[PDB]
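Coordinate analysis (summary)
One letter stands for each residue in the lines below.
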Amino acid sequence: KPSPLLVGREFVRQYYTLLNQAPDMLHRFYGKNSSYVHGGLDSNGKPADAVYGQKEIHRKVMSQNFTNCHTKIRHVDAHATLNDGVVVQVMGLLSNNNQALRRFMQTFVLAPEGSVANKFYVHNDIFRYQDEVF
Amino acid sequence: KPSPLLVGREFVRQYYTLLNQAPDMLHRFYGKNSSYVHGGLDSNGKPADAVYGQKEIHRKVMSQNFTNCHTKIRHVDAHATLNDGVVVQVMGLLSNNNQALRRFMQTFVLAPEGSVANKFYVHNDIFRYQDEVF
Amino acid sequence: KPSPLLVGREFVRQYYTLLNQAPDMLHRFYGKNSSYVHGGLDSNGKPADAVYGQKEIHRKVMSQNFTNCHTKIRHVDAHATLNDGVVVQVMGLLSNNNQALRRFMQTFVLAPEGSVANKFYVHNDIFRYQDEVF
Amino acid sequence: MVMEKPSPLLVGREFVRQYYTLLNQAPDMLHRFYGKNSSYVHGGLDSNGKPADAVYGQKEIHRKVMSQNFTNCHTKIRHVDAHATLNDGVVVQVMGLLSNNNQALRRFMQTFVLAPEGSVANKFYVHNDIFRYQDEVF
Amino acid sequence: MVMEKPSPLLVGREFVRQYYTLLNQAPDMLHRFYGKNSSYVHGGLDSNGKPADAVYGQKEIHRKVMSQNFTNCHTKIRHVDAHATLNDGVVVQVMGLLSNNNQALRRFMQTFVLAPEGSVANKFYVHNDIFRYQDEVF
Amino acid sequence: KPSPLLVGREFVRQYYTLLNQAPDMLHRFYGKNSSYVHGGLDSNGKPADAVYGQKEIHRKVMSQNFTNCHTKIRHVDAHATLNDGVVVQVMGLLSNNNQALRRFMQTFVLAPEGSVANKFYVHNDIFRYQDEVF
Amino acid sequence: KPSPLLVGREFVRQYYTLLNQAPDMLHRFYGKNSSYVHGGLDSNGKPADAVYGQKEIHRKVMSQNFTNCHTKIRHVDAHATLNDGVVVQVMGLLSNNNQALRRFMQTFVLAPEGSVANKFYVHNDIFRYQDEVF
Amino acid sequence: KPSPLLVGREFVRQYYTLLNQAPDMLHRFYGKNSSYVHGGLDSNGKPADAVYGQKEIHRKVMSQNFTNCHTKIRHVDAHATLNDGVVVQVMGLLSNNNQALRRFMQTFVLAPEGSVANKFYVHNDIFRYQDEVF
Amino acid sequence: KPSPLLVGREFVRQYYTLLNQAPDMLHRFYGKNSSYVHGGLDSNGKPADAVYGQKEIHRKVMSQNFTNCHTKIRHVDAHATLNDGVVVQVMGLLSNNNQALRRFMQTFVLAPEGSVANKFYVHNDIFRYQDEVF
Amino acid sequence: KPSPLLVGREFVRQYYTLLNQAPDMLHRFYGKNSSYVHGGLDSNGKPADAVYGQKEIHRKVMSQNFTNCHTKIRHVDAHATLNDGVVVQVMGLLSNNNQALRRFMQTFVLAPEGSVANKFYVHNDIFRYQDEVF
Amino acid sequence: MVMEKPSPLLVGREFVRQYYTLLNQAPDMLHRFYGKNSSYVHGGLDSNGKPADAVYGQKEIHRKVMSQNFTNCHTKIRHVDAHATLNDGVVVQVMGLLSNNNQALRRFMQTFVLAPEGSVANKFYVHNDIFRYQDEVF
Amino acid sequence: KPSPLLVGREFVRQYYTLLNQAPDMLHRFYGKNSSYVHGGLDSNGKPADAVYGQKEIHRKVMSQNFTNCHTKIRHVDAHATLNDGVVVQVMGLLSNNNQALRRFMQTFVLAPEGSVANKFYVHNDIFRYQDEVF
Amino acid sequence: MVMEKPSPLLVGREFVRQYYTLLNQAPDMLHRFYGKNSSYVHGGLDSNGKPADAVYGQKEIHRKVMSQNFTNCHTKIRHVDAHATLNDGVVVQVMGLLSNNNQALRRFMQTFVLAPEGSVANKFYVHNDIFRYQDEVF
Amino acid sequence: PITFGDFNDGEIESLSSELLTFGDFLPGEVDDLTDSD
Amino acid sequence: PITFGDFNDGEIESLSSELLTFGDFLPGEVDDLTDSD
Amino acid sequence: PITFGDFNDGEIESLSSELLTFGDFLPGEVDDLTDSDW
Amino acid sequence: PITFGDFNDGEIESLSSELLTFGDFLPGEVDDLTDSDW
Amino acid sequence: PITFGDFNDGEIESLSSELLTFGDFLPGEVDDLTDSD
Amino acid sequence: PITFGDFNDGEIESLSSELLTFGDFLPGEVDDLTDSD
């Protein structure tokens, strides 16, 4: 029974290490009923919708083609949630392809597997850049 | 059963209208053992801690001293999470006492009542500004 | 061939219902080469420039930024115009962002799309307050 | 010296000016502004408490304008907004003050829908006229 | 970690919150906010149609607040603006809605002038309190 | 020693008379270190920082550019404050640029100049409108 | 005799108030054989010719179609001239029918009435915009 | 002996607490040969020079008008120097008269008195606002 | 004996020219137990550990790797301090490897050799950027 | 009266010496109504805007912002103009911000101030890098 | 139709054009550009490794300009900058390329100081002319 | 299978030929993962921002204003690199807009498309003027 | 403590530092920077006047670096620009001054292409090295 | 079946959820507090 | 004698010219037309 | 005992150690009275 | 034993534990060689 | 005494202060390093 | 057959017209005038 705050901090550390160390390895963090948004746009101008399923999450990650992503974490706030879950709020700056950093907004929902102790998986993940909304 | 997007949009509308009109009546949105971290600054300058319980949530809401809270909702995302709950990410502007609008997010986690069907209560509430982190 | 008065009441009810609930979908009422003119957004707020097209109408609606806009319709007049069109002159009280009830008048000109019977789209939409003119 | 067709805003404002000046001076000639299929309300209030219905015709429009028999009425237009609409016509939204037979200043709401005459270019007639006072509605 | 002292806006808002919460809870204890030379008027109306006058001393404010029932009143503050003024004090201007004994909410106009006590740092008392509902005025 | 009520009425009359006739000489009422806040002047119109000093007060007054701003005073309360000062609360109707009558609060705090008896200057000048709040 | 500057200030205020309120009553300010060149570009783009006499001035003012003429007066200069007249140069912003404010000058020459002392009539009026020239 | 970083942090805390709470007590920090600059502009816009001596330092502090100064400290870096003195580098934001916060750059030099243990006095003090230089 | 301002100006010119030309050769500006601080981020991110001793400053400068380090001095202040030393506050812009100019300050404390007159060695050197603390 | 060649040599030596040491005091060479053009950078580097007066010359010099600008004068010609003035044409190599040698020409027109004999001020100062043209 | 006596930049450019066109076409006529107290240097190089000195006077200006033979010379002016100066004069700074008798494009470096004649308005003569090639200096 | 040296010379010739004739087609040489840096102009020419993609590369070329850019290539070195690619490093004299011969380095990294044999595209394109650095 | 892998610019600059410090300290160890398929040319001139060719292997790398036998050479790097390229490698473009065996500094012009080793993460070797002086080219 | 634009029959009717309530608020209670009060 | 700021006794009383009329408007007729009505 | 200037031990903290209060209410009574409500 | 996303304990630390090196130099070898110079 | 502007004879010559050195640098050797190359 | 990008066999070689002249200039006179002269 670890502290949600430390659980969220360690999860964000691992997630943003794996984002650039191995972007194609990111799908292992999610599960069956898992959502995913990473701040996309289209012709209509509306932000991109979510995708569900591990395969769809992996395909979306490869489409977004994260290369050498650099992340500065300005804030992490983790709290307890149903089924001993953890809700994580992430405030930071993200830069893709070594380009200009953009302020980014992130909400993780991590749920226990229920089979292994302290085993968490990313049930939900929402991401959005500041410039694309404000 | 309604869509998570519908639930999130309706809850965002009701919550951010009640915040402007009757901030003292905002404590009825939460239930027992519910998180509320609508802060950001404390004596040491670090992000504020959490208050749990309806009494503590009401006390902290009164402490915030909401006066004609004008909200400006730039974006709302709603997804279905574990235990039939709904996770909402809200981005926008907030102005308290008719001051300058400050950019913010708010993460809601809404849990479903076991007894009453189609009933939700705010299990988790997280609020953050830009100027307190960036 | 429905009664123009009945079409006017139906349109006013649906239009303000969707306006109160989900502002992002207001452009769904409008089609192509349709005119939308409102109170006006500028550094001074004086010059109100109309916009045309679904994309520009949606952009303008998002920029002018409806949120929990309560409308009390004092009066609606519906009449028959050219090409079997409808003209709706509406007087009411509008409160956007939970401001006070402000007197407003709004004129719709609706034309049938032709493909589907009993189907109308906003060809002209002129909105105006009383505080900024009178 | 390019001979440009008038902008819809110009047509709307010019129509408002002529309409209200002629209404102030010679209401008897006002009926000629409307065509055969002309719908019209002007601050109506029947003996029930509800706003009066619309009327639908030139000769009847003449009967109406003699019914309210404006004399030396004063009009002060505060806003005019004209836009293009179907069949080349212009939709005009008008707001201001009107006092008939030297009563107090009353706010009013007016919407105009004009249609081309078809035979002569740049010729319009009042297809739709909606006018209601603010006190009779609010 | 710098202790600092509260900004005048912070003092004004904090005072407004305490004053109105104590008014809603224990109106009898409202008199402790004032001093020996405190002027106070709370939405009065004499038997002439003109607004009533003000009291000028702790005992008179206590008498007045006992005069009006002031019980279980609900207040919703829409605007608070506080500025520094003479002798380190804070002038506070308040706008909102008040409803005493569960009547309809009526808009009110309020101005607060606070004064440091001097004996104790960061301690203030209500030197001037002007309050009138904008229904007996407009 | 003039009555606080008497000086309040004298000042309210003289100040609004000069404000109606020649706005450029409004700053003559104020001295040094005096605070002046009036309405809201910004891109959104909500925030308006108070200005201090005769130069800044005159600049703000010119920026606002009062022109035939007619005032109908409905109520004036004058009371005695510290340093033999005067506090003047004014309720009235203001119409700038020949617009409609708008309800307004004004709050003057006047301090004696000391050099001349029965001499006062506007130490504090708070202005608020009706439409801005509620 | 009142100072030329005060006469100019008062006349500017009265004229630009009557222009907004009662444009049809503006013809009373002028007298017999008085110039009035307020207007835009002609068919060939040349400046409009003058109109002389009360009837012609009224006809030109009515044709100008001054509806809700909002003025924003930046500068007024008034100087004494020949025959005890006053020449006023006015610069400001004008907006007819709530459109965008346009920069303008307007030169008045006010001649004293021979019969009634302390009374002036507008012998000359020369109005022009900026975009029509620059 | 205590750590130079610790004594520098303590001095910064005390100095700014005094600078807000009791500005007229600030001269007691400085000594006979102390210098003082606080970012003044005069003549050709060149920054203001320094003043020396306790009396001149007090006069400059009084003339600079410090009222309810709010200071946010973003960086403090203290190091050992000659005669066990401490050099302090301060980065932050300062707001005077509750106005807009301005970025500020500061350098303190603190020297031991000589006889009283752990007793330091401000030998040198340099202050500069960012907008006045950059 | 030269003026402290002259000493500061000359040292700033020499040091910031040698930084561009021969960064590896900078180690002879310091001496025994001299504090060098110039650095960026660490595990904590805010502070940078100081390096003492000629070998340590040389190692730290080599780690810094200045390549065509273009400086841009906006302001220099120089004041006398204890034991004839000079404290210099430098504000300006820095650009390493022809990148974007970044705002910075640098505090120097120069102490005199007793052996040679007009012989100053950098006892203290502190460097900081605006973007790294703001 | 001294030889114009001697005046030219003295002025070129002294002017470039002060340029190398303290750029801020360059304006001291110039007086009133004196013209100064140097290179040029407004939006693209082509527009060379002349500046006049000591204040504007000092502002331009501070914007051009030399830092250890080095100069190697290859040739100087001095001749006698009207009003006993001197014309000095200088060709040389300039290196600003420790950059590479760049060919340049600088033309001075120096006038005697009359009050003091053998006293001259830079009436005209035209600088131009050879590389910008050709 | 404001006369608007020419700006110093215009005078400088016009003078440069005329001077160099006349030099290219009829260089024997170049001496009339200079007055009695005119200083002249044109790419001098004495037999010592140092640039040659100046010539002060119109007659010897003509002598030296004939001394340097000028046949079908080609000039391409790449910069002219003229500014007003004392005694209503104009100071002109000029750069370009000059080739005499068809040699290579030599990069030259020139400064002009003009003086009003005084007898007739808008009349100027070359008071000072400094001209050196880049090769002979760098 | 061609020689790396041979393809290097062929590509350098063709690339500068197209650059001289029709710069607007330069983007046809690049793909979607291509990186392009060339000179730089953000504030004073120092910040060079990389661009990626054909659209961004074309926009950058149009902003970089190639018109009649004459290139005298002094040296070309072509070598074999990863994925059977080539690396070209060329030194030359470039004159854009008919300026003077300026020394420059240009480094291409060319990758085979794979679809067609003996086909290459500019994967990396680094341009740098020698004068702006040295 | 997010463990981000080094950016291409960071790894390029770090490699440049290490390369030009080890070149000054121990040139004999310079060959260990290259691999089996490493192509390297370092500002050579053959006995013809044309720039020398490049060697294509670690052993010939060692033989070449012993051939120009750098001793206490001074290097001053003025520009380094590194970009990520194909196969995760980094292409580096470097310009500065180099003086070998204590002669005057010579302007040089260099291009680096590095490749991952494959076995150990974040390990690179100099696949391609092109170096020429501006004296031998211009 | 009167619809406007490309709106299906009852699309915004389904978009409007009258029985969706949060906390212990009764249906329409929030509107009641924030309407004419 | 009570004045505010730096105004003298009756400064803006002298500034206010009630008998200043323009055109054929009677004294104060323009104001009476403007206010109320 | 680190002190600066000529101030005594903790003079600055003593001077600045005072919470914001109104009237006769020592800091806390108002919160006590509002604690009665839910 | 705190692990996430079906990753073995310390799978990420082990993966990212490597340092930036060039050639066959051990981490710090170049620094050791240049340490000889003063 | 040829001087320019408001400079006195020797003002900026004294401002030069060639004798000032820092660290263990010999007088002028820093200039020697930077100016040569 | 060696091409780059998306160019065909001598696409820009055929695009580059060497015999296109304007005015009295010979086919290359402008190039020769600009180059080295």
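Summary of the structure given here.

Cut-off values and rules
- What you see is numbering from 1 along each chain in written sequence order, possibly unlike the entry, with residues lacking coordinates removed.
- For this description, chains carry letters from A and ligands carry numbers from 1, given in the order in which they are written.
- What is displayed is a subset of a larger assembly, so the values quoted cover only the displayed chains.
- As a convention, hydrogens and water are excluded, and side-chain values are obtained from all of the structure's heavy atoms.
- Numbering of helices and strands runs from the N terminus, with a helix taken as a DSSP run of H or I at least four residues long and a strand as a DSSP run of E at least two residues long.
- For this analysis, residues touch if any pair of their heavy atoms sits within 4.5 Å.
- Side-chain rings of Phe, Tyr and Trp (the six-membered ring for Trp) are treated as a pair once their centres are within 6.5 Å; stacked means planes under 30 degrees apart, edge-to-face means over 60, and tilted covers the remaining angles.
- For the exposure calls, accessible area comes from a 1.4 Å probe over protein chains only, and a residue counts as buried if that area is under 20% of its type's maximum, exposed if over 50%, partly exposed in between.
- To sit over a ring, a charge needs its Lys NZ or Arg CZ within 6 Å of the ring centre and within 35 degrees of the ring normal.
- The pairing criterion is simple: DSSP has to find at least two bridges between the two strands.
- Without a salt bridge and with relative accessible area above 30%, a residue can belong to a patch; like charges are then joined within 9 Å and nonpolar side chains (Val, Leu, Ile, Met, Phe, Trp, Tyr) within 5 Å.
- Here the Shrake-Rupley method, with its probe set to 1.4 Å, supplies the accessible areas, and only the displayed protein chains count as covering residues.
- Salt bridge criterion: a side-chain nitrogen from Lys or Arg within 4 Å of a carboxyl oxygen from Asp or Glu.
- Residues scored as positive are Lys and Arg, those scored as negative are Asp and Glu, and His as well as the terminal groups of each chain are ignored.
- Each charge is placed at NZ for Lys, CZ for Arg, CG for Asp and CD for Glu.
- Once two parts are joined, some of their accessible surface, as seen by a 1.4 Å probe, is lost; buried area is that loss totalled over both.
- Any pair of N or O atoms that falls within 3.5 Å is considered a polar contact. Within protein, one atom must be able to donate a hydrogen and the other to accept it, and sequence-neighbouring residues count only if both atoms are side-chain atoms.
- Here the term charged refers only to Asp, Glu, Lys and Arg, the term nonpolar to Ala, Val, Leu, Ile, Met, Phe, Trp, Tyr, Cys and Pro, and the term polar to all other amino acids, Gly among them.
- The angle between two axes is taken between their N-to-C directions and runs from 0 to 180 degrees, where each axis is a line fitted to C-alpha atoms and a helix contributes only its stretch in contact.
- To qualify as a nonpolar core, a set must consist of buried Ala, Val, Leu, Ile, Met, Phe, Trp, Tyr and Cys residues joined through side-chain atoms within 4.5 Å.
- Oblique is the label for any angle not under 35 degrees, not over 145, and not in the 65 to 115 range, which are roughly parallel, roughly antiparallel and roughly perpendicular in turn.
- Each crossing gets its handedness from the near helix: less than a right angle anticlockwise from the far helix is left-handed, clockwise is right-handed.

**Focus: the environment of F134(A)**
With respect to the helices and strands, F134(A) occurs in the segment after β6 (119–129). For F134(A), the residues in contact, after removing those within four places along its chain, are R74(B), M91(B), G92(B), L93(B), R103(B), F104(B) and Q130(B).

**A word on the packing of aromatic side chains**
Enumeration over the complete set of coordinates arrives at 168 aromatic pairs over all chains. With centroids separated by 4.9 Å and ring planes inclined at 65 degrees, the aromatic side chains of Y19(E) and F112(E) adopt a geometry described as edge-to-face. With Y19(E) in helix α1 (residues 8–25) and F112(E) in strand β5 (residues 106–116), this residue pair connects regions lying 93 residues apart in the sequence. One exposure class covers both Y19(E) and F112(E), and it is buried. Taking the centre distance of 4.5 Å and the plane angle of 80 degrees together, the rings of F11(J) and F108(J) count as edge-to-face. Taken together, the positions of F11(J) in helix α1 (residues 4–21) and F108(J) in strand β5 (residues 102–112) put the pair 97 residues apart, joining distant regions of the chain. Linked through ring pairs, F11(A), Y15(A), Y16(A), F29(A), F104(A), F108(A), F120(A), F127(A), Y129(A), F4(Q) and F7(Q) together constitute an aromatic cluster. Taking NZ or CZ as reference, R102(G) lies 4.0 Å from the ring centre of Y129(G), over its face.

**Observations regarding the pairing of β6(A)**
The buried fraction of β6(A) is high, at 11 of 11 residues. Here strand β5 (residues 102–112) of chain A runs beside β6(A); their pairing, made up of 9 bridges, is antiparallel. By the bridge assignment, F108(A) is partnered in β6(A) with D125(A). Between β5(A) and the antiparallel strand that follows it, β6(A), lie 6 residues; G114(A) among them carries a positive phi value of about 90 degrees. As judged from the 2 bridges shared by β6(A) and strand β1 (residues 3–4) of chain Q, these two strands associate in the parallel manner. When the sheet's bridge partners are listed, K119(A) is paired in β1(Q) with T3(Q).

**Digging into a positive patch on the surface**
Together, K72(A), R74(A), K72(H), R74(H) and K46(I) line one region of the surface with positive charge. For the positive patch, the elements supplying multiple residues, two or more each, are β3 (70–81) of chain A together with β5 (70–80) of chain H. Residue position: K72(A) is located in strand β3.

**A short note on the interface of chain B and chain E**
The interface of chain B with chain E comprises 9 residues on the first partner and 8 residues on the second. Roughly 890 Å² of surface becomes buried between chain B and chain E when both sides are summed, with 32% attributable to carbon and sulfur atoms. Counting the contacts that link chain B with chain E gives 0 salt bridges. Across the contact surface, chain B and chain E share 4 residue pairs in polar contact. Classifying every residue of the side of chain B that touches chain E by side-chain character gives 1 nonpolar, 8 polar and no charged.

**A word on the arrangement of the chains**
Note that chain A does not reach chain D: the shortest distance linking a C-alpha of one to a C-alpha of the other is 26 Å. With no contact formed, the shortest span from any C-alpha in chain B to any C-alpha in chain H equals 10 Å.

**Observations concerning the interface of chain E and chain F**
Put simply, an interface is often sized by how much accessible area is lost when its parts join up. Each side of the interface is counted separately: chain E has 34 residues, and chain F has 34 residues. Regarding the contact of chain E and chain F, the summed buried area is about 2,900 Å², with carbon and sulfur atoms giving 66% of it. Ranking the residues of chain E by area buried against chain F places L86(E), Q93(E) and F138(E) at the top, with a combined share of 24%. The interface formed by chain E and chain F contains 2 salt bridges. For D77(F), the salt bridge is made with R132(E), and the minimal N-O distance between the two is 2.8 Å. Applying the counting rule to chain E against chain F returns 13 residue pairs in polar contact.

**A word on the sheet that holds strand β5 (residues 106–116) of chain K**
Residue and element names in this part refer to chain K. Ordered in space as β2-β1-β6-β5-β4-β3, the 6 strands form an open sheet in which the pairing is mixed. Edge positions in the sheet fall to β2 (55–56) and β3 (74–85), since each has one partner strand and no second. Together, β1 (34–42), β3, β4 (89–99), β5 and β6 (124–133) form the strand contacts of helix α1 (residues 8–25), whose direction differs from that of β3 by roughly 150 degrees. Its contacts with the sheet put helix α2 (residues 58–67) on β1 and β2, and the angle it makes with β1 is roughly 35 degrees.

**Looking at the pattern of salt bridges**
A complete count under the given rule lists 88 salt bridges over all chains for this structure. With its nearest N and O atoms 3.0 Å apart, the salt bridge here joins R13(C) to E10(C). Here the residue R13(C) and the residue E10(C) both occupy positions in helix α1 (residues 4–21), the gap between them amounting to 3 residues, near one helical turn. By relative accessible area, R13(C) is classed as partly exposed at 41%. For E10(C), a relative accessible area of 22% puts it in the partly exposed group. Between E132(G) and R102(G) there is a salt bridge, with the nearest N and O atoms lying 2.7 Å from each other. Placement of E132(G) in the segment after β5 (119–129) and of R102(G) in strand β4 (residues 102–112) is noted, with a sequence separation of 30 residues between them. Judged by its relative accessible area of 21%, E132(G) falls in the partly exposed class. Residue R102(G) is classed as partly exposed on the basis of its relative accessible area of 28%. Through salt bridges with shared partners, a single network forms among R28(A), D6(Q) and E11(Q).

**Quick look at the pairing of strand β1 (residues 34–42) of chain M**
All names here are of chain M. The buried count for β1 comes to 7 of 9 residues, which makes it a mostly enclosed element. Sheet topology places β1 next to strand β6 (residues 123–133); 5 bridges connect them, and they run parallel. Within β6, the position partnered with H42 by the bridge is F131. Strand direction decides the pairing type here: β1 and strand β2 (residues 55–56), joined by 2 bridges, are antiparallel. Of the residues in β2, the one forming a bridge with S39 is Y56.

**A word on the nonpolar core**
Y15(B), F29(B), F108(B), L110(B), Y15(C) and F29(C) are the most contacted members of the largest nonpolar core, which has 69 residues in total. It is helix α1 (residues 4–21) of chain B that provides the largest number of residues to this core, a total of 8 residues.

**Overview of the packing of helix α1 (residues 4–21) of chain I against helix α2 (residues 29–36) of chain R**
Two numbers describe how α1(I) lies on α2(R): the axes approach to 10 Å, and their chain directions differ by 40 degrees. On the basis of their axis angle, the class for α1(I) and α2(R) is oblique. Both α1(I) and α2(R) take part in a crossing whose hand is left-handed. Residues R13(I), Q14(I), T17(I), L18(I) and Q21(I) of α1(I) form the contact with α2(R), whose participating residues are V30(R), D31(R) and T34(R). Per-class residue counts for the contact of α1(I) with α2(R) are 2 nonpolar, 4 polar and 2 charged.

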